[PDB]
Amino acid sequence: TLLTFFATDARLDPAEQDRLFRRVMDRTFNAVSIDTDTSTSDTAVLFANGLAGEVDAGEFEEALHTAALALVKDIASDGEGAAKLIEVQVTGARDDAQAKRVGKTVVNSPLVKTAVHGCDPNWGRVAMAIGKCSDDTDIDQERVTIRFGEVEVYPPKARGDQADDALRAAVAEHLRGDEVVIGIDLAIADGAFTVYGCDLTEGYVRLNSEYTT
């Protein structure tokens, strides 16, 4: 269950406040997944009393966004059992909503979550995960690109196992960090979205098996 509360002495236009709260929520708390298990109780609230006087809506929104994101990355790093934060950056999508759909599918793939947990540069599991968006028939495996960190591992340019081998090895390095990026481009249009999750560990399983929560 997500519970998050924000408090400010900012004075804001009530209608602007709602609009901006929603925009930030959609890009942060609604952009994170530990275990896909959307709770019966998720609550997110902002209270703005007026005491510090008027604040620019855009400045405030920016500030809420930074606050929210920092909290989201906190949650992802602290995922039950996690050793690693996973950040999935999708670009070139048909629209932002498809980019989000693909990011979620990838960051919620148990096989992706365990490969990252073992530091296994098994990028083929990310190709699989993208592949599960089988109703997005404008995603073409020939046009899709996949990187871990700053290392593009798909598509093969030329052969043969190359190549994949080296750079496989470079992906293994980045995976050793506590924060892991998977970048994916669909080469459809301009849709973009980043989502946040974590690896899948024996610790997740033990806690949640042992463990009435």
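Counting begins at 1, following the sequence as shown.
- The question of which stretch, 184-192 or 49-57, has the higher mean Cα B factor is settled in favour of 49-57.
- The PDB entry reports B-factors from which the mean C-alpha value can be compared for 78-86 and 105-113; the larger average falls on 78-86.
- Annotation for residue 14: C-alpha temperature factor in the highest third relative to the rest of the modelled chain, per the entry.
- In the PDB entry, a CA B factor belonging to the highest third of its chain's modelled residues is recorded for residue 170.
- Among all modelled residues in this chain, the alpha-carbon of residue 73 has a temperature factor (C-alpha) in the middle third.
- In the deposited entry, the Cα temperature factor of residue 100 sits in the middle third of values across the chain's modelled residues.
- Among all modelled residues in its chain, residue 208 ranks in the middle third by Cα B-factor.
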